[PDB]
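Reading through the structure tokens given below for one structure.
Numbering (this note's numbering), first residue to last: 62 to 187.
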């Protein structure tokens, strides 16, 4: 009814914890003095395992957790300069989805017509 849906119950409806698709941790890494624990986990490698988590090193702002959709909206922006930390790391691993190096990236022939993938010259001689 909003865009184009004939008959599909009504809405997607949350399955469990309404996991998110994207989320970025825009930090400056300059708070190493104040929040030496924050980046600490970042240096650990735990967030690196989270595909749904970016972990950007913004120009020079304050550490803030961001949960986006895809375009860049930003569903939840919370300052982690003291708020809770630590558990925050879990915030992502939990609210995010461990696709496991998946991500909808290039795979097979995409929408194309004609030539879009060369490969030597098969002479073929049965």
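From the three backbone atoms N, C-alpha and C, an ideal C-beta is built for every residue, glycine too.
Distance check for residue j and residue i, CA to CA, integer angstroms please.
i, j, result
"residue 77", "residue 154", "15 Å"
"residue 110", "residue 79", "20 Å"
"residue 75", "residue 148", "23 Å"
"residue 173", "residue 102", "43 Å"
"residue 144", "residue 161", "29 Å"
"residue 120", "residue 68", "47 Å"
"residue 71", "residue 97", "47 Å"
"residue 93", "residue 168", "40 Å"
"residue 187", "residue 62", "57 Å"
What residue range does the alpha helix (DSSP H) around residue i cover?
i, result
"residue 155", "148 to 156"
"residue 105", "99 to 105"
With a CB to CB cut of under 7 Å and the five nearest residues on each side skipped, what residues in its chain are close to residue i?
i, result
"residue 140", "123 and 125"
"residue 90", "100 and 118"
"residue 151", "none"
Over what stretch of residues does the beta strand (DSSP E) that includes residue i continue unbroken?
i, result
"residue 127", "125 to 128"
"residue 85", "85 to 87"
"residue 138", "137 to 140"
Please go through the same chain and pick out, in chain order, the residues whose beta-carbon is closer than 6 Å to the beta-carbon of residue i, but skip the five residues on each side of it.
i, result
"residue 115", "85"
"residue 128", "81, 84, 136 and 137"
Please work out which residues of its chain come closer than 8 Å, Cβ to Cβ, to residue i, disregarding the five sequence neighbours upstream and downstream, and give them in chain order.
i, result
"residue 95", "142"
"residue 164", "112"
"residue 170", "177 and 178"
Report the option in the options whose CA atom is closest to the CA atom of residue i.
i, options, result
"residue 118", "73, 99 and 130", "99"
Any beta-carbon of chain D closer than 7 Å to the one on residue i?
i, result
"residue 143", "Of the chains in the structure shown, none is chain D; there is only one protein chain."
Checklist entry - Using 8 Å as the threshold, is the segment 162 to 181 in touch with the segment 128 to 141, meaning 3 or more CB pairs across them? => result By the Cβ test, the segment 162 to 181 is not in contact with the segment 128 to 141, since fewer than three Cβ pairs between them sit closer than 8 Å.
Next on the checklist: Quick check: the segment 155 to 169 against the segment 80 to 91, are at least 3 beta-carbon pairs closer than 8 Å?
Outcome noted: Yes: at least three Cβ pairs fall under 8 Å.
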